[PDB]
Structure formats: C-alpha cells, structure tokens
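[1] So I've got this experimental structure, pasted below with the sequence.
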Amino acid sequence: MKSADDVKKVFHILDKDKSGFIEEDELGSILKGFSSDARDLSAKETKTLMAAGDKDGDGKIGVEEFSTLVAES
Ligand SMILES: [Ca+2]
Ligand SMILES: [Ca+2]
C-alpha cells in the first residue's frame, strides 16, 4: 500500500495543467508517473482506462478516483 502523500505526488506529476483533475490528454502517461522507464498507453487504452476509472461520470479523474485506481489489490 502506497501512502496518501505518495499517491498525491504522482497525481500532481500527471496533472500537468494544474486543473485538479487528470483529463484524457494527461492520462496516457499514467505508468510513467510511477516509473520513468514505463511505456505510454495507446489512445485506445487511455479511453478505456478513463471510462473504467471515472466513477462519478464527470469525464475526468479526481484524486479519490485516482487513489482507487492504484489501491492495492
Ligand atoms: Ca489536469
Ligand atoms: Ca470523475
């Protein structure tokens, strides 16, 4: 389990425009937020991930939804 501070650090790295949410144009870099040597997601993978992760349906991923995505299974 990653700490809340660690999770927020990655969220901030992904939120390039500081909007407070990860929009579609920022989500493809998600694996890179954790390890710079990770691959980019394809456009199709990004759209799929956005749909799966956007639990409240507002079209973007906020901090709680992002935390849920990375919660330890
Ligand atoms: Ca953003
Ligand atoms: Ca959302």
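    On my side now, so go ahead. Residues are numbered from 1 along each chain as shown. Ligands and ions are numbered 1, 2, ... in the order given.

[2] who's in contact with the closest residue to ligand 1 within the chain?
    Taking C-beta to the ion, ligand 1 has its nearest neighbour within the chain at residue 19, 3.7 Å off. Heads up, the C-betas are built off the backbone N, CA and C, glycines and all. By C-beta atoms under 8 Å, 6 or more residues apart in numbering, the residues touching residue 19 are residue 60.

[3] Up against ligand 2, what does the protein have?
    54, 56, 58 (C-beta under 5 Å from the ion).

[4] measure residue 51 to residue 72 for me?
    Distance, residue 51 to residue 72, by C-beta to C-beta, to the nearest Å: 22 Å.

[5] So for those two, which sits in the more crowded spot?
    residue 51 (10 against 5; other C-beta atoms under 10 Å).

[6] neighbouring contacts of the helix or strand containing the more buried one?
    Assigned by DSSP states H and E, residue 51 belongs to helix 43-53. Under the criterion C-beta under 8 Å, 6+ apart, residues 24, 27, 28, 30, 41, 59, 60, 61, 65, 66, 68, 69 lie in contact with helix 43-53.
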